[PDB]
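**Student:** Contents of structure.pdb (PDB, C-alpha atoms and all ligand atoms):
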ATOM      1  CA  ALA F   1    -159.474  -0.966  40.545
ATOM      2  CA  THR F   2    -159.781  -3.569  43.295
ATOM      3  CA  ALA F   3    -158.507  -7.162  43.129
ATOM      4  CA  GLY F   4    -161.074  -9.856  43.906
ATOM      5  CA  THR F   5    -160.472 -13.550  44.588
ATOM      6  CA  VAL F   6    -159.485 -16.169  42.072
ATOM      7  CA  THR F   7    -159.578 -19.885  42.845
ATOM      8  CA  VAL F   8    -158.553 -22.900  40.752
ATOM      9  CA  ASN F   9    -160.543 -26.126  41.178
ATOM     10  CA  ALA F  10    -158.919 -29.522  41.506
ATOM     11  CA  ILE F  11    -157.038 -30.482  38.365
ATOM     12  CA  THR F  12    -159.458 -33.287  37.386
ATOM     13  CA  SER F  13    -161.559 -34.871  40.115
ATOM     14  CA  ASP F  14    -158.613 -36.133  42.215
ATOM     15  CA  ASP F  15    -156.147 -33.336  41.590
ATOM     16  CA  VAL F  16    -153.911 -35.844  39.792
ATOM     17  CA  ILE F  17    -153.062 -36.171  36.142
ATOM     18  CA  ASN F  18    -152.893 -39.808  35.103
ATOM     19  CA  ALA F  19    -151.595 -41.199  31.795
ATOM     20  CA  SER F  20    -154.954 -41.155  30.140
ATOM     21  CA  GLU F  21    -155.590 -37.530  31.125
ATOM     22  CA  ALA F  22    -152.078 -36.558  30.002
ATOM     23  CA  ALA F  23    -152.778 -37.930  26.567
ATOM     24  CA  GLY F  24    -155.787 -35.692  25.959
ATOM     25  CA  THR F  25    -157.292 -32.275  26.836
ATOM     26  CA  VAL F  26    -158.154 -31.322  30.366
ATOM     27  CA  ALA F  27    -160.566 -28.581  31.408
ATOM     28  CA  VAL F  28    -158.985 -26.377  34.076
ATOM     29  CA  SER F  29    -161.689 -24.431  35.875
ATOM     30  CA  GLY F  30    -162.177 -22.084  38.760
ATOM     31  CA  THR F  31    -163.809 -18.986  40.123
ATOM     32  CA  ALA F  32    -163.292 -15.255  39.894
ATOM     33  CA  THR F  33    -165.412 -12.966  42.048
ATOM     34  CA  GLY F  34    -165.143  -9.848  44.218
ATOM     35  CA  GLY F  35    -163.454  -6.500  43.765
ATOM     36  CA  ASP F  36    -163.821  -5.250  40.237
ATOM     37  CA  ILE F  37    -163.873  -8.698  38.585
ATOM     38  CA  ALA F  38    -166.559  -8.898  35.925
ATOM     39  CA  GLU F  39    -167.877 -11.117  33.210
ATOM     40  CA  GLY F  40    -165.635 -10.986  30.185
ATOM     41  CA  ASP F  41    -162.401 -10.365  32.068
ATOM     42  CA  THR F  42    -159.485 -12.319  30.784
ATOM     43  CA  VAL F  43    -158.173 -15.275  32.712
ATOM     44  CA  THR F  44    -154.514 -16.204  31.919
ATOM     45  CA  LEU F  45    -152.764 -19.422  32.899
ATOM     46  CA  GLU F  46    -149.148 -20.138  32.015
ATOM     47  CA  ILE F  47    -148.639 -23.907  32.123
ATOM     48  CA  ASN F  48    -145.354 -25.495  31.010
ATOM     49  CA  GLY F  49    -144.541 -22.246  29.281
ATOM     50  CA  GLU F  50    -147.749 -22.167  27.212
ATOM     51  CA  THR F  51    -150.225 -19.356  27.816
ATOM     52  CA  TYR F  52    -153.807 -20.497  28.020
ATOM     53  CA  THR F  53    -156.580 -17.916  28.145
ATOM     54  CA  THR F  54    -160.308 -17.759  28.746
ATOM     55  CA  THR F  55    -162.761 -15.260  30.100
ATOM     56  CA  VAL F  56    -164.814 -14.980  33.277
ATOM     57  CA  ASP F  57    -168.436 -16.111  32.617
ATOM     58  CA  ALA F  58    -171.574 -14.481  33.813
ATOM     59  CA  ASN F  59    -171.609 -16.411  37.083
ATOM     60  CA  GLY F  60    -168.084 -15.843  38.322
ATOM     61  CA  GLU F  61    -166.657 -19.033  36.903
ATOM     62  CA  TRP F  62    -164.173 -19.870  34.209
ATOM     63  CA  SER F  63    -162.862 -22.872  32.335
ATOM     64  CA  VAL F  64    -160.090 -23.366  29.798
ATOM     65  CA  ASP F  65    -159.009 -26.393  27.848
ATOM     66  CA  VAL F  66    -155.355 -27.285  28.398
ATOM     67  CA  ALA F  67    -153.143 -29.919  26.921
ATOM     68  CA  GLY F  68    -152.916 -32.791  29.462
ATOM     69  CA  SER F  69    -149.231 -33.040  28.548
ATOM     70  CA  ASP F  70    -148.621 -29.472  29.719
ATOM     71  CA  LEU F  71    -150.275 -30.371  33.049
ATOM     72  CA  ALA F  72    -148.170 -33.515  33.258
ATOM     73  CA  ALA F  73    -145.012 -31.365  32.814
ATOM     74  CA  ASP F  74    -145.935 -28.452  35.128
ATOM     75  CA  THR F  75    -147.420 -29.119  38.568
ATOM     76  CA  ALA F  76    -147.871 -25.510  39.732
ATOM     77  CA  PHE F  77    -149.316 -22.453  38.008
ATOM     78  CA  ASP F  78    -151.216 -19.238  38.601
ATOM     79  CA  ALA F  79    -154.530 -18.091  37.137
ATOM     80  CA  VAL F  80    -154.434 -14.381  36.649
ATOM     81  CA  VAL F  81    -157.590 -12.305  35.990
ATOM     82  CA  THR F  82    -157.256  -8.828  34.564
ATOM     83  CA  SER F  83    -160.064  -6.445  35.538
ATOM     84  CA  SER F  84    -160.983  -2.813  35.075
ATOM     85  CA  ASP F  85    -163.009  -0.337  37.055
ATOM     86  CA  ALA F  86    -165.415   2.192  35.604
ATOM     87  CA  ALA F  87    -162.674   4.748  35.013
ATOM     88  CA  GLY F  88    -160.548   2.077  33.112
ATOM     89  CA  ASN F  89    -158.022   1.569  35.907
ATOM     90  CA  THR F  90    -156.792  -2.064  35.713
ATOM     91  CA  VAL F  91    -155.792  -4.665  38.291
ATOM     92  CA  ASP F  92    -154.687  -8.264  38.283
ATOM     93  CA  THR F  93    -156.074 -10.865  40.701
ATOM     94  CA  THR F  94    -154.058 -14.049  41.119
ATOM     95  CA  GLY F  95    -154.969 -17.493  42.358
ATOM     96  CA  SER F  96    -152.514 -20.337  42.637
ATOM     97  CA  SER F  97    -152.815 -23.996  41.854
ATOM     98  CA  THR F  98    -150.812 -27.171  42.437
ATOM     99  CA  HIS F  99    -151.464 -30.752  41.380
ATOM    100  CA  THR F 100    -149.576 -34.044  41.048
ATOM    101  CA  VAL F 101    -148.883 -36.348  38.213
ATOM    102  CA  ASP F 102    -149.202 -40.131  38.509
TER
HETATM  103 CA    CA F 201    -157.220 -37.388  37.538
HETATM  104 CA    CA F 202    -144.554 -18.762  27.423
HETATM  105 CA    CA F 203    -145.348 -23.599  36.642
HETATM  106 CA    CA F 204    -164.756  -3.861  34.137
HETATM  107 CA    CA F 205    -154.880 -28.585  43.367
HETATM  108 CA    CA F 206    -147.119 -43.131  39.959
HETATM  109 CA    CA F 207    -150.677 -44.921  39.905
END
As structure tokens, how would this structure be written, given the file I've shared?
Ligand SMILES: [Ca+2]
Ligand SMILES: [Ca+2]
Ligand SMILES: [Ca+2]
Ligand SMILES: [Ca+2]
Ligand SMILES: [Ca+2]
Ligand SMILES: [Ca+2]
Ligand SMILES: [Ca+2]
**Tutor:**
Amino acid sequence: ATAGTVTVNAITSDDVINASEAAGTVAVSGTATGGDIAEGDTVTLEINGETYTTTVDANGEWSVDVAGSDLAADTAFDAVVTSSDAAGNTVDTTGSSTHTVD
């Protein structure tokens, strides 16, 4: 199974968590394409110790709702996509993210 490419978009529009954003939910999004990445593959983010999970959509994108407070506590994390090939061999693809907190 071949790793693709995973990217994480800016954490909110300016890549900064402010006090309002920390108080609520924030959608963390990104892409997952290439290699053996497919729709339905799991996307795992560990943020401030909490594991957040979604799946890759039909267009190579993903989004997961995260506690803003977790993002205010943890300024760097990976998104890890687990994929399989046609024989069931598995592979993880990792993309990294950083942000700041106001
Ligand atoms: Ca912001
Ligand atoms: Ca944990
Ligand atoms: Ca971290
Ligand atoms: Ca597959
Ligand atoms: Ca960033
Ligand atoms: Ca500040
Ligand atoms: Ca400020």
**Student:** Show which residues sit within 12 Å of residue 4 in chain F, as a list in words. Count only C-alpha atoms, and ignore same-chain residues fewer than 3 positions away.
**Tutor:**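 Near neighbours after the sequence-gap exclusion: residues 1, 7, 31, 32, 33, 34, 35, 36, 37, 38, 41, 60, 80, 81, 82, 83, 84, 85, 91, 92, 93, 94 and 95 of chain F.
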**Student:** I'd like to know which of F:79, F:67, F:73, F:43 is closest to residue 9 in chain F, using only C-alpha atoms.
**Tutor:**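 Among the listed residues, the smallest separation from residue 9 in chain F belongs to F:79.
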**Student:** Please write as a ChimeraX atom specification the full residue list that the PyMOL selection byres (((chain F and resi 53) around 10) and not hetatm) yields on this file.
**Tutor:** /F:42-46,50-52,54-55,62-66,79-81
**Student:** I need the output of the PyMOL selection byres (((chain F and resi 101) around 12) and not hetatm) for this file as a PyMOL selection string; which residues are they?
**Tutor:** chain F and resi 11-12+14-22+68-76+98-100+102
**Student:** With 6 Å added on each side, what axis-aligned box encloses every listed atom of range 62-72 of chain F? Give the centre and edge lengths in Å to one decimal, as AutoDock Vina command-line options.
**Tutor:**
--center_x -156.2 --center_y -26.7 --center_z 30.6 --size_x 28.0 --size_y 25.6 --size_z 19.3
**Student:** Take CA of residue 90 in chain F and CA of residue 59 in chain F and report the distance between them in Å, one decimal.
**Tutor:**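 About the pair CA of residue 90 in chain F and CA of residue 59 in chain F: they are 20.7 Å apart.
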**Student:** Out of F:88, F:47, F:8, F:57, which residue has the shortest atom-to-atom distance to ligand CA 202 (chain F) when counting all atoms listed in the file?
**Tutor:**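 The closest residue to ligand CA 202 (chain F) is F:47.
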**Student:** Just the number, please: distance in Å from CA of residue 29 in chain F to CA of residue 96 in chain F, one decimal.
**Tutor:**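 Going from CA of residue 29 in chain F over to CA of residue 96 in chain F, I get 12.1 Å.
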**Student:** CA of residue 24 in chain F and CA of residue 10 in chain F are how many Å apart?
**Tutor:**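 Separation of CA of residue 24 in chain F and CA of residue 10 in chain F: 17.0 Å.
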**Student:** From the set F:23, F:56, F:49, F:28, which residue has the shortest atom-to-atom contact distance to ligand CA 203 (chain F), counting all atoms listed in the file?
**Tutor:** F:49
